[PDB]
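The structure under discussion appears below in the form of structure tokens.
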Amino acid sequence: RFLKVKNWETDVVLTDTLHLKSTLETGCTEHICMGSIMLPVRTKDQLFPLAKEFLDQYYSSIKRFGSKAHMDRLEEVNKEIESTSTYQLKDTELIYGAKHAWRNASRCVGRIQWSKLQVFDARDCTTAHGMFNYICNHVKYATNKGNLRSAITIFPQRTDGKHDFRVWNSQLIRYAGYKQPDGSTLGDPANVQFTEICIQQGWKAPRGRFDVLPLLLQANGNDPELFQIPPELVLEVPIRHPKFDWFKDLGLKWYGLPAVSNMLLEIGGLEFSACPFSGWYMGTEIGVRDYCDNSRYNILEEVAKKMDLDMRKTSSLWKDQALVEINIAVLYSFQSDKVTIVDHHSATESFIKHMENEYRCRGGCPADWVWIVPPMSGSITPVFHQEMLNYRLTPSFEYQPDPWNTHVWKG
Amino acid sequence: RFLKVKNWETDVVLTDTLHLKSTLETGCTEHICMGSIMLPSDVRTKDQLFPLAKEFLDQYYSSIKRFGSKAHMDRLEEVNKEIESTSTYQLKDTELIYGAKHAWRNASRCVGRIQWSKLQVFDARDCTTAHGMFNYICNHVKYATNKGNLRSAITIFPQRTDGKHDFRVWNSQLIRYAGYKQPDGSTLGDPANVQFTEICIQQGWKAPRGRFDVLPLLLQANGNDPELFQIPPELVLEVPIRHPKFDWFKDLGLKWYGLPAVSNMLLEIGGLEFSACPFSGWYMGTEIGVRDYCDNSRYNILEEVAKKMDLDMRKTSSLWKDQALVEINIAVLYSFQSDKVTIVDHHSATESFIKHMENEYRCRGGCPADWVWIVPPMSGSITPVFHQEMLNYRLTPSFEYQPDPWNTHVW
Ligand code: HEM
Ligand code: HEM
Ligand SMILES: Cc1cc(N)nc2cc(-c3ccc(OCc4cocn4)c(CN)c3)ccc12
Ligand SMILES: Cc1cc(N)nc2cc(-c3ccc(OCc4cocn4)c(CN)c3)ccc12
Ligand SMILES: C[C@H](O)[C@H](O)[C@H]1CNc2nc(N)[nH]c(=O)c2N1
Ligand SMILES: C[C@H](O)[C@H](O)[C@H]1CNc2nc(N)[nH]c(=O)c2N1
Ligand SMILES: [Zn+2]
């Protein structure tokens, strides 16, 4: 049974057979769509069918389905599960798994790059200091003096859920936020809650506007420990504007490496609860969301003031106008410092080409239109007119509750 | 099952019980979300019709606080007998108006639904001819325009009987500009209307072959061949488009019409099918500026606007498209507001819609909403609907898509 999607700007129609391989649920039903809902402990019982399914996929991809290496591996995993109640992925399987978790990430516009992922095996790690050293190396390799390279570091998988590895930071590099007694916020409001945990764990907060947060790392279920990334490893870009000389005086900067560290990697029923992964920014992530969201740095007002816009009535579109300039400045600053960045016209065009190629050679490409469409200038990007099917494929990256809500404290 | 939606910019959480009344289907399943598909989806048998009417009359008599009353049961009985005999039934004028207002109230893709109860309903069910149709539509246009002080209106023509006697307005909107292809390359006028502009000429229209030629009306009564009619130019209020800073803007020779009057949908009340039901409101600025002027398959004038702004059109990363998009939308609002023609900007409409959502959750328990369509086609994340989770589901009475008549009509 086939399903069709139509690009209404080019009348290109593609056919999706891949959605039949979907297993997990979406949250939607025949009578309700939850497409805009942000967010819609495992035993031997349900694990071998998950392993068998992953291994079938793995050996199909290497054109060895039904081979002796395939049947032998199935057997070996089988006995290892009934005997040890889990199993270990080979290096080849881990790398395939991590690449396909990205390939399957329906909300990721950057997936044209999925096959060029540098996979760092940190499964021998045992301590938070060992985590800090693995993460320092990831940051150095991925940053590459501005010539950014996609990377993932994979720490030991969950066993009984009482010995999890977790990175408590939502991203490896993020700026601190401090709520002031007068109700205002110093720094990134998005990080106030995490900043307070850090201070409570003994972090000495400089209390500046762009302080890089410490790493808060949890190994084998132990209490998390604080470490400071060497500042020389944190590449930062001062934001200036190519026409507006006063823009630099706003004193803004941003870090070069987007490295998301709070998601869970699922491969063949195995759960990798600490698996930081990094790429490079789309400009709007910083310029639209990080600076102009009302609940973020919210520099929209000051930029509009310095531009001398009609800020009286919103129908003057001063907000829209300031937003475009801030994003021009983000792109200009990164390009001038030769730090890898992509604008949202380039990134959406590439994704369409990626999506079409995936329909040709894979039978589909799961895609979350709500998330793929950029947060500004939506309809003048080619994804806006593109119909998309959203379904859940594994290997996958999943959400997980923040660890401070679930952690049993040692003391 | 008593679902919840969170606003992520305000943490406000609403609880949706209204969705449990949902009758029709969304097109999603547990395995696949189709929330970005443009269009999912002959007589009604004597059996299917009575439950549809009971459901509708039940909610009608609830709304007037007479559920389970004398008047209710009698009406239920009376309609039951009429269907039994005539194989259809007629709505009381009160039921007609309620049904029409609630079809708007239920239009999950409509951002302007805070105005839903202030709909002027014109009962044209006594109409028998295309000339009579034309008379009703001129009266609609003049009433709705109101010398620029636009007023919401729907005009409802006779309901479908056996699908052989359908009343249809062939235009997609009452007022739309013509589109003629060129012997050399692209298109003059409006490319969305190229096929229809042909079926007008190919039906007898004498095209002035300008860029802003108001299309003729093509009206089909009782299933007969449709007829061409010209709307009196003095009823078509138009706004010349200029910019409050750029005097070269007028040189572009741009104007748009004040009245958005959609005429190709089907209104369904209590099982009855009104195939001709043109309804009108007033524009949100982006529906002209972002879509009608800057979509690649539309007026696509982005090229010359950025050129006349002397912007760096060599790399996409200068965001010249974005800058031009903002300016074109500032001009549309400016021109409409200057000429005292009603228009709403995307910031005001979306703010209004959050307020409407809150009202609907309070006094009705929910509000079906389609985030893919409620979020404006520009500056999405700086409008409040972006961070608002929404639940999409289909309630009746409703407006529905219907096939284009020329694909159906035996000529
Ligand atoms: C290389 C350049 C990349 C770019 C430009 C990019 C861009 C994006 C953007 C713009 C989003 C939307 C999130 C938001 O706007 O808040 C996203 C989501 C996502 N990205 Fe990519 N990304 C890149 C690489 C990667 C890599 C290397 C991985 C993993 C190995 C990854 C995994 C994901 C996932 C899992 C999501 C969605 C998470 C969710 O479901 O909530 N991305 N990406
Ligand atoms: C009065 C001011 C109104 C405003 C500002 C407004 C705004 C909008 C916008 C922006 C859309 C998205 C469509 C697009 O982007 O092309 C839409 C859709 C829609 N509007 Fe409203 N609208 C208004 C009045 C009305 C009225 C009076 C009705 C019916 C009586 C109505 C029914 C609809 C329907 C049925 C749809 C979408 C149809 C579908 O499901 O695809 N609107 N509106
Ligand atoms: C490798 C990479 C590169 C990039 N250029 N971008 C990325 C963006 C995300 C990502 C995914 C989900 C997100 O949303 C989480 C959420 C917040 O609230 C409810 N869910 C966010 C928001 N930081 C970012 C993940 C990875 C990214
Ligand atoms: C009264 C009113 C006012 C307004 N201010 N705006 C409106 C916009 C629409 C509307 C409905 C559906 C649409 O899409 C249907 C479709 C046609 O082809 C493929 N899908 C479109 C886009 N033309 C507009 C309908 C009514 C509107
Ligand atoms: C492919 C996509 O579903 C299609 O372009 C939709 C997306 N959202 C939209 N949203 C609005 N308001 N109007 C539209 O025409 C569309 N088009
Ligand atoms: C409610 C809504 O789904 C939520 O705000 C989503 C919408 N789409 C998004 N799209 C991107 N790229 N990033 C986001 O954080 C979000 N947030
Ligand atoms: Zn859905």
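Order determines the names: the first chain of the structure tokens is A, the second B, and so forth; residues in each chain are numbered 1 upward, and ligands are numbered 1 upward as they are shown.
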
Q: Write as a PyMOL selection string the residues around ligand 2, taking 8 Å as the cut-off and counting only C-alpha atoms and all ligand atoms.
A: chain B and resi 38+100-101+103-104+107-113+115-116+119+151-154+265+279-284+286-287+291+343-344+349+373-374+376-377+398-401

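For chain B, the residues no farther than 6 Å from chain A when using only C-alpha atoms are residues 25, 26, 27, 28, 29, 30, 31, 32, 33, 34, 36, 37, 317, 345, 377, 378, 379, 380, 381, 389, 390, 391, 392 and 393 of chain B.
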
Q. Between A:265, A:41, A:198, A:148, which is the closest to residue 278 (chain A) once you count only C-alpha atoms?
A.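 Comparing A:265, A:41, A:198, A:148 against residue 278 (chain A), the winner is A:148.
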
Q: Write out as a list in words which residues come within 9 Å of residue 17 (chain B) when counting only C-alpha atoms, dropping same-chain ones fewer than 3 positions away.
A: residues 1, 2, 3, 4, 20, 21, 361, 364, 365 and 366 of chain B

Selection above as a file: C-alpha atoms, as a JSON list (two decimals), in the first residue's frame:
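Wrote it out as result.json, contents follow:
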```json
[["chain", "number", "residue", "atom", "x", "y", "z"],
["B", 1, "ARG", "CA", -8.33, 11.17, 26.85],
["B", 2, "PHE", "CA", -9.20, 14.61, 28.27],
["B", 3, "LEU", "CA", -6.28, 15.94, 26.28],
["B", 4, "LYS", "CA", -4.08, 18.88, 27.23],
["B", 20, "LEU", "CA", -14.35, 13.86, 22.22],
["B", 21, "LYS", "CA", -17.39, 15.11, 20.27],
["B", 361, "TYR", "CA", -11.44, 26.35, 25.98],
["B", 364, "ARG", "CA", -16.81, 25.43, 24.97],
["B", 365, "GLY", "CA", -14.02, 23.15, 26.21],
["B", 366, "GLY", "CA", -11.81, 23.27, 23.14]]
```

Q: Give me the residues within 9 Å of residue 94 (chain A) as number ranges by chain, counting only C-alpha atoms and dropping any in the same chain fewer than 2 places off.
A: A: 89-92, 96-99, 119, 121, 154, 267

Just asking: which residues within region 206-377 of chain A are strand (DSSP E or B) according to DSSP, as a short mmCIF file (atom, residue, chain, number, x, y, z; two decimals) with C-alpha atoms, in the first residue's frame?
```
data_model
loop_
_atom_site.label_atom_id
_atom_site.label_comp_id
_atom_site.auth_asym_id
_atom_site.auth_seq_id
_atom_site.Cartn_x
_atom_site.Cartn_y
_atom_site.Cartn_z
CA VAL A 212 29.70 29.13 29.48
CA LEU A 215 29.51 20.25 32.34
CA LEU A 216 27.45 18.28 34.87
CA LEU A 217 28.26 14.63 34.18
CA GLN A 218 26.78 11.43 35.64
CA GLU A 225 30.15 15.99 38.89
CA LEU A 226 31.13 19.43 37.64
CA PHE A 227 33.84 20.19 35.09
CA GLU A 236 32.77 31.85 20.08
CA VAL A 237 31.69 34.40 17.47
CA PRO A 238 31.16 38.12 18.26
CA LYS A 253 28.34 36.71 20.99
CA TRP A 254 27.43 33.10 20.34
CA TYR A 255 29.19 29.78 20.46
CA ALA A 259 25.93 19.90 20.49
CA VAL A 260 22.74 18.41 21.89
CA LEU A 264 18.43 9.17 24.17
CA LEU A 265 19.77 6.98 21.36
CA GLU A 266 17.80 3.77 20.78
CA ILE A 267 19.47 1.00 18.72
CA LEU A 270 19.37 -0.84 23.58
CA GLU A 271 19.11 2.58 25.23
CA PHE A 272 22.10 4.96 25.14
CA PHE A 277 25.80 14.80 19.09
CA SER A 278 26.88 17.93 17.25
CA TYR A 281 24.04 25.88 13.22
CA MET A 282 21.32 26.98 10.89
CA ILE A 341 26.95 28.08 9.39
CA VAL A 342 24.04 27.59 6.97
#
```

Q | Residues within 12 Å of residue 94 (chain B), only C-alpha atoms, excluding chain neighbours under 5 positions, as a count of residues only | A | 11

Which residues of chain A come within 7 Å of ligand 1, and for each one, what is the closest pair of atoms and their distance in Å to one decimal, counting only C-alpha atoms and all ligand atoms, sorted by chain and residue number, as CSV?
```
residue,atom,partner,partner_atom_place_in_ligand_line,distance
A:98,CA,ligand 1,30 (C),6.8
A:99,CA,ligand 1,30 (C),6.7
A:102,CA,ligand 1,29 (C),4.8
A:105,CA,ligand 1,35 (C),4.9
A:106,CA,ligand 1,40 (O),6.9
A:107,CA,ligand 1,37 (C),4.6
A:108,CA,ligand 1,18 (C),3.8
A:109,CA,ligand 1,8 (C),5.2
A:110,CA,ligand 1,4 (C),4.1
A:111,CA,ligand 1,24 (C),6.6
A:113,CA,ligand 1,1 (C),6.1
A:114,CA,ligand 1,27 (C),6.7
A:117,CA,ligand 1,27 (C),6.4
A:150,CA,ligand 1,27 (C),4.9
A:151,CA,ligand 1,27 (C),6.1
A:152,CA,ligand 1,30 (C),6.0
A:277,CA,ligand 1,30 (C),5.0
A:278,CA,ligand 1,27 (C),5.0
A:279,CA,ligand 1,1 (C),3.8
A:280,CA,ligand 1,2 (C),4.4
A:281,CA,ligand 1,5 (C),4.9
A:282,CA,ligand 1,5 (C),4.6
A:285,CA,ligand 1,15 (O),5.6
A:342,CA,ligand 1,5 (C),6.5
A:347,CA,ligand 1,5 (C),6.8
A:371,CA,ligand 1,12 (C),6.0
A:372,CA,ligand 1,12 (C),6.7
A:397,CA,ligand 1,35 (C),5.2
A:398,CA,ligand 1,40 (O),6.7
A:399,CA,ligand 1,41 (O),6.9
```

Output N, CA and C atoms for every residue in that selection, as an mmCIF file, in the first residue's frame.
```
data_model
loop_
_atom_site.group_PDB
_atom_site.id
_atom_site.type_symbol
_atom_site.label_atom_id
_atom_site.label_comp_id
_atom_site.auth_asym_id
_atom_site.auth_seq_id
_atom_site.Cartn_x
_atom_site.Cartn_y
_atom_site.Cartn_z
ATOM 1 N N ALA A 98 23.922 4.723 14.910
ATOM 2 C CA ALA A 98 23.930 6.161 15.171
ATOM 3 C C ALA A 98 23.624 6.962 13.907
ATOM 4 N N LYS A 99 24.172 6.544 12.764
ATOM 5 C CA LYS A 99 23.876 7.224 11.510
ATOM 6 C C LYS A 99 22.404 7.105 11.159
ATOM 7 N N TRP A 102 20.070 9.376 13.125
ATOM 8 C CA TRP A 102 20.008 10.719 12.545
ATOM 9 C C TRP A 102 19.208 10.709 11.250
ATOM 10 N N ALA A 105 15.582 11.054 11.891
ATOM 11 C CA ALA A 105 15.169 12.119 12.802
ATOM 12 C C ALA A 105 14.214 13.045 12.043
ATOM 13 N N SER A 106 12.914 12.755 12.122
ATOM 14 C CA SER A 106 11.965 13.410 11.220
ATOM 15 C C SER A 106 11.931 14.932 11.390
ATOM 16 N N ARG A 107 12.327 15.457 12.549
ATOM 17 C CA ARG A 107 12.330 16.900 12.777
ATOM 18 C C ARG A 107 13.627 17.604 12.357
ATOM 19 N N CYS A 108 14.597 16.906 11.756
ATOM 20 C CA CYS A 108 15.918 17.476 11.460
ATOM 21 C C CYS A 108 16.021 17.863 9.987
ATOM 22 N N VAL A 109 16.162 19.165 9.731
ATOM 23 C CA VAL A 109 16.265 19.654 8.362
ATOM 24 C C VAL A 109 17.644 19.391 7.782
ATOM 25 N N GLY A 110 18.626 19.093 8.635
ATOM 26 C CA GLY A 110 19.992 18.969 8.193
ATOM 27 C C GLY A 110 20.393 17.571 7.776
ATOM 28 N N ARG A 111 19.420 16.683 7.572
ATOM 29 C CA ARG A 111 19.734 15.270 7.376
ATOM 30 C C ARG A 111 20.425 14.942 6.055
ATOM 31 N N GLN A 113 23.282 15.374 5.517
ATOM 32 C CA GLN A 113 24.629 15.094 5.986
ATOM 33 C C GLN A 113 24.743 13.789 6.773
ATOM 34 N N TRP A 114 23.653 13.013 6.876
ATOM 35 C CA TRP A 114 23.542 11.961 7.890
ATOM 36 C C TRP A 114 24.629 10.897 7.758
ATOM 37 N N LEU A 117 28.828 11.125 9.603
ATOM 38 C CA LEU A 117 28.811 11.316 11.040
ATOM 39 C C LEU A 117 30.033 10.631 11.634
ATOM 40 N N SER A 150 30.416 16.967 11.916
ATOM 41 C CA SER A 150 29.418 16.250 12.699
ATOM 42 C C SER A 150 30.037 15.109 13.493
ATOM 43 N N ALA A 151 29.621 14.982 14.749
ATOM 44 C CA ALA A 151 30.170 13.932 15.596
ATOM 45 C C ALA A 151 29.140 13.503 16.628
ATOM 46 N N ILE A 152 29.218 12.238 17.041
ATOM 47 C CA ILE A 152 28.469 11.761 18.199
ATOM 48 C C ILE A 152 29.426 10.955 19.078
ATOM 49 N N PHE A 277 25.556 14.743 20.521
ATOM 50 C CA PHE A 277 25.804 14.800 19.090
ATOM 51 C C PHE A 277 25.812 16.258 18.659
ATOM 52 N N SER A 278 26.602 16.546 17.627
ATOM 53 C CA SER A 278 26.878 17.928 17.250
ATOM 54 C C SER A 278 26.922 18.038 15.739
ATOM 55 N N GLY A 279 26.566 19.219 15.243
ATOM 56 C CA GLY A 279 26.734 19.498 13.839
ATOM 57 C C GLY A 279 27.217 20.917 13.650
ATOM 58 N N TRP A 280 26.413 21.715 12.945
ATOM 59 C CA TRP A 280 26.645 23.145 12.837
ATOM 60 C C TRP A 280 25.295 23.848 12.742
ATOM 61 N N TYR A 281 25.288 25.127 13.104
ATOM 62 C CA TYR A 281 24.039 25.876 13.224
ATOM 63 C C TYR A 281 23.421 26.246 11.879
ATOM 64 N N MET A 282 22.088 26.150 11.815
ATOM 65 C CA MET A 282 21.318 26.981 10.894
ATOM 66 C C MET A 282 21.140 28.351 11.535
ATOM 67 N N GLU A 285 18.382 29.385 14.137
ATOM 68 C CA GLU A 285 18.423 28.834 15.487
ATOM 69 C C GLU A 285 18.954 29.854 16.482
ATOM 70 N N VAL A 342 24.896 27.679 8.148
ATOM 71 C CA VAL A 342 24.044 27.594 6.965
ATOM 72 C C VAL A 342 22.825 28.491 7.174
ATOM 73 N N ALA A 347 19.581 25.596 3.618
ATOM 74 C CA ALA A 347 19.327 24.365 4.359
ATOM 75 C C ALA A 347 18.020 23.700 3.934
ATOM 76 N N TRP A 371 8.242 21.191 12.295
ATOM 77 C CA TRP A 371 9.598 21.489 12.727
ATOM 78 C C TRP A 371 10.546 21.797 11.578
ATOM 79 N N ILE A 372 10.323 21.211 10.400
ATOM 80 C CA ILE A 372 11.207 21.444 9.260
ATOM 81 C C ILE A 372 11.107 22.890 8.774
ATOM 82 N N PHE A 397 16.516 8.769 17.887
ATOM 83 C CA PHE A 397 16.784 9.653 19.014
ATOM 84 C C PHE A 397 15.458 9.990 19.681
ATOM 85 N N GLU A 398 15.383 9.806 21.000
ATOM 86 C CA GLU A 398 14.149 10.029 21.736
ATOM 87 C C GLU A 398 14.364 11.071 22.822
ATOM 88 N N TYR A 399 13.251 11.621 23.301
ATOM 89 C CA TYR A 399 13.267 12.466 24.483
ATOM 90 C C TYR A 399 13.362 11.621 25.744
#
```

Q: With a distance cut-off of 8 Å and only C-alpha atoms, select the neighbouring residues of region 221-237 of chain B, excluding the residue or stretch itself and same-chain residues fewer than 2 positions from it, and output the selection as number ranges by chain.
A: B: 128-130, 133-134, 138, 141-142, 145, 147-148, 164-168, 170, 175, 200, 203-205, 215-219, 239, 257-259, 411

List every residue of chain B that has an atom at most 12 Å from any atom of ligand 3, and for each one report the closest atom pair and its distance in Å to one decimal, counting only C-alpha atoms and all ligand atoms, with rows sorted by chain and then by increasing residue number, as a Markdown table.
```
| residue | atom | partner | partner_atom_place_in_ligand_line | distance |
| --- | --- | --- | --- | --- |
| B:6 | CA | ligand 3 | 19 (C) | 10.8 |
| B:7 | CA | ligand 3 | 18 (O) | 11.0 |
| B:8 | CA | ligand 3 | 18 (O) | 7.8 |
| B:9 | CA | ligand 3 | 18 (O) | 10.5 |
| B:11 | CA | ligand 3 | 18 (O) | 11.5 |
| B:387 | CA | ligand 3 | 18 (O) | 10.0 |
| B:389 | CA | ligand 3 | 19 (C) | 11.2 |
```

Keeping only C-alpha atoms, write the selected residues as a PDB file, in the first residue's frame.
```pdb
ATOM      1  CA  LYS B   6       0.550  23.715  26.551  1.00  0.00           C
ATOM      2  CA  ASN B   7       1.696  27.137  25.429  1.00  0.00           C
ATOM      3  CA  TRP B   8       5.466  26.926  25.686  1.00  0.00           C
ATOM      4  CA  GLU B   9       5.950  30.714  25.764  1.00  0.00           C
ATOM      5  CA  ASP B  11       3.284  27.639  30.299  1.00  0.00           C
ATOM      6  CA  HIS B 387       4.642  28.262  20.697  1.00  0.00           C
ATOM      7  CA  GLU B 389       0.296  23.485  20.967  1.00  0.00           C
TER       8      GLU B 389
END
```

(Q) Set the distance at 10 Å and use only C-alpha atoms: which residues neighbour region 191-197 of chain A once local chain neighbours fewer than 3 positions away are removed? I'd like the list as a list in words. (A) residues 168, 169, 170, 174, 175, 176, 177, 178, 179, 185, 186, 187, 188, 200, 201, 202, 203, 205, 213, 214, 216, 296, 402 and 404 of chain A

Grab the residues selected above and save them as a CSV table (one decimal), in the first residue's frame with N, CA and C atoms.
```csv
chain,number,residue,atom,x,y,z
A,168,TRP,N,24.0,16.0,32.2
A,168,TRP,CA,22.9,16.8,32.7
A,168,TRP,C,22.6,18.1,31.8
A,169,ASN,N,23.6,18.5,31.1
A,169,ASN,CA,23.4,19.7,30.3
A,169,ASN,C,22.6,19.4,29.0
A,170,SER,N,21.7,20.3,28.7
A,170,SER,CA,20.9,20.1,27.5
A,170,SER,C,21.7,20.2,26.2
A,174,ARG,N,26.4,26.0,26.4
A,174,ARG,CA,25.2,26.8,26.6
A,174,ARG,C,25.6,27.9,27.6
A,175,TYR,N,24.9,29.1,27.4
A,175,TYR,CA,25.2,30.2,28.3
A,175,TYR,C,24.3,30.2,29.6
A,176,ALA,N,24.9,30.6,30.7
A,176,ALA,CA,24.1,30.6,32.0
A,176,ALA,C,23.0,31.7,31.9
A,177,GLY,N,22.0,31.4,32.7
A,177,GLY,CA,20.9,32.4,33.0
A,177,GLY,C,20.7,32.6,34.4
A,178,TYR,N,20.6,33.8,34.9
A,178,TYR,CA,20.4,34.1,36.3
A,178,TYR,C,19.2,35.0,36.5
A,179,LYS,N,18.2,34.5,37.3
A,179,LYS,CA,17.1,35.3,37.6
A,179,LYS,C,17.4,36.2,38.7
A,185,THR,N,16.1,38.8,34.1
A,185,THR,CA,17.0,37.7,33.9
A,185,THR,C,18.3,38.2,33.3
A,186,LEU,N,19.5,37.8,33.9
A,186,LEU,CA,20.8,38.0,33.3
A,186,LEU,C,21.3,36.8,32.6
A,187,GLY,N,21.6,36.9,31.3
A,187,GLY,CA,22.0,35.8,30.5
A,187,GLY,C,20.9,35.1,29.8
A,188,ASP,N,21.0,33.8,29.5
A,188,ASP,CA,20.1,33.1,28.7
A,188,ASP,C,18.9,32.6,29.6
A,200,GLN,N,24.1,25.2,42.8
A,200,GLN,CA,23.8,24.4,44.0
A,200,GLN,C,24.8,23.3,44.1
A,201,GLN,N,25.3,22.7,43.0
A,201,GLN,CA,26.3,21.7,43.0
A,201,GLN,C,27.7,22.3,43.3
A,202,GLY,N,27.8,23.6,43.5
A,202,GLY,CA,29.1,24.2,43.9
A,202,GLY,C,29.8,25.0,42.8
A,203,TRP,N,29.1,25.2,41.6
A,203,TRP,CA,29.7,26.0,40.6
A,203,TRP,C,29.8,27.4,41.0
A,205,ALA,N,29.6,30.9,40.0
A,205,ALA,CA,29.0,31.6,38.8
A,205,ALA,C,29.6,32.9,38.7
A,213,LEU,N,28.4,27.4,30.6
A,213,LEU,CA,28.0,26.6,31.8
A,213,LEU,C,29.0,25.5,31.9
A,214,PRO,N,29.2,25.0,33.2
A,214,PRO,CA,30.0,23.8,33.4
A,214,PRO,C,29.3,22.6,32.9
A,216,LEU,N,28.0,19.0,33.7
A,216,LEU,CA,27.5,18.3,34.9
A,216,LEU,C,27.2,16.8,34.4
A,296,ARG,N,13.6,34.4,25.5
A,296,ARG,CA,15.0,34.2,25.4
A,296,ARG,C,15.7,35.6,25.6
A,402,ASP,N,14.4,15.1,32.2
A,402,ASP,CA,15.6,15.7,32.8
A,402,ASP,C,16.0,14.9,34.0
A,404,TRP,N,17.5,15.4,36.8
A,404,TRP,CA,17.3,15.8,38.2
A,404,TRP,C,15.9,15.5,38.7
```

Q) Between CA of residue 189 (chain A) and CA of residue 235 (chain A), what is the spacing in Å? A)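 Taking CA of residue 235 (chain A) and CA of residue 189 (chain A), their separation equals 21.4 Å.
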
Q) region 60-236 of chain B: which residues are helix (DSSP H, G or I) by DSSP, as a ChimeraX atom specification? A) /B:60-63,70-86,93-105,113-115,130-148,191-201,233-235

With C-alpha atoms kept, could you save the residues just selected as a tab-separated table (two decimals), in the first residue's frame?
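part.tsv written:
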```
chain	number	residue	atom	x	y	z
B	60	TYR	CA	-28.77	23.51	18.20
B	61	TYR	CA	-31.34	23.03	20.97
B	62	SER	CA	-28.58	22.71	23.55
B	63	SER	CA	-27.12	26.03	22.36
B	70	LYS	CA	-41.16	20.45	23.87
B	71	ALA	CA	-39.80	22.48	20.94
B	72	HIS	CA	-36.77	20.16	20.64
B	73	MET	CA	-38.61	16.82	20.51
B	74	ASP	CA	-41.24	18.28	18.14
B	75	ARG	CA	-38.59	19.59	15.76
B	76	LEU	CA	-36.79	16.25	15.98
B	77	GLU	CA	-40.06	14.52	15.14
B	78	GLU	CA	-40.93	16.97	12.35
B	79	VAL	CA	-37.55	16.59	10.62
B	80	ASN	CA	-37.75	12.81	11.08
B	81	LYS	CA	-41.07	12.76	9.20
B	82	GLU	CA	-39.81	15.10	6.46
B	83	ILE	CA	-36.80	12.87	5.74
B	84	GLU	CA	-38.98	9.74	5.84
B	85	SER	CA	-41.15	11.25	3.09
B	86	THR	CA	-39.13	13.73	1.04
B	93	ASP	CA	-33.80	30.16	9.23
B	94	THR	CA	-32.53	30.06	12.82
B	95	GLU	CA	-30.92	26.66	12.18
B	96	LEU	CA	-29.46	27.98	8.92
B	97	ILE	CA	-27.75	30.89	10.68
B	98	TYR	CA	-26.52	28.78	13.59
B	99	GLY	CA	-25.17	26.14	11.21
B	100	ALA	CA	-23.29	28.72	9.13
B	101	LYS	CA	-21.75	30.49	12.14
B	102	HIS	CA	-20.58	27.17	13.58
B	103	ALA	CA	-19.08	25.97	10.30
B	104	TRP	CA	-16.82	29.04	10.60
B	105	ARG	CA	-16.33	28.41	14.33
B	113	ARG	CA	-12.33	32.79	14.04
B	114	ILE	CA	-12.61	35.19	17.00
B	115	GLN	CA	-15.18	37.00	14.82
B	130	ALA	CA	-27.48	32.15	-12.66
B	131	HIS	CA	-28.77	35.69	-13.16
B	132	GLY	CA	-30.42	35.35	-9.77
B	133	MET	CA	-27.18	33.96	-8.39
B	134	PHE	CA	-25.37	36.97	-9.85
B	135	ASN	CA	-27.86	39.31	-8.17
B	136	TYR	CA	-27.30	37.65	-4.79
B	137	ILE	CA	-23.52	37.85	-5.23
B	138	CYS	CA	-23.48	41.55	-6.15
B	139	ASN	CA	-25.59	42.19	-3.05
B	140	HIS	CA	-23.14	40.16	-0.93
B	141	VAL	CA	-20.12	42.01	-2.35
B	142	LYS	CA	-21.62	45.45	-1.76
B	143	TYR	CA	-22.79	44.59	1.78
B	144	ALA	CA	-19.47	42.99	2.75
B	145	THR	CA	-17.33	45.74	1.29
B	146	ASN	CA	-19.29	48.51	3.03
B	147	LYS	CA	-17.10	51.25	1.51
B	148	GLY	CA	-13.98	49.70	3.04
B	191	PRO	CA	-0.50	32.29	-12.36
B	192	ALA	CA	-2.79	30.60	-9.81
B	193	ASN	CA	-5.72	31.52	-12.06
B	194	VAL	CA	-4.26	30.51	-15.43
B	195	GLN	CA	-6.49	27.47	-15.97
B	196	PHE	CA	-9.60	29.31	-14.77
B	197	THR	CA	-8.75	32.41	-16.82
B	198	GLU	CA	-8.70	30.01	-19.78
B	199	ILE	CA	-12.01	28.31	-18.95
B	200	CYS	CA	-13.43	31.86	-18.94
B	201	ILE	CA	-12.10	32.73	-22.40
B	233	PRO	CA	-16.44	47.65	-11.23
B	234	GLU	CA	-17.84	50.09	-8.66
B	235	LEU	CA	-18.46	47.12	-6.35
```

Q. Which residue out of B:171, B:22, B:300, B:359 has the minimum interatomic distance to ligand 4 when only C-alpha atoms and all ligand atoms are used?
A.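 Once distances to ligand 4 are computed over only C-alpha atoms and all ligand atoms, the minimum belongs to B:171.
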
Q) Mind pulling up the distance from CA of residue 272 (chain B) to CA of residue 160 (chain B)? A)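 Between CA of residue 160 (chain B) and CA of residue 272 (chain B) the gap works out to 7.5 Å.
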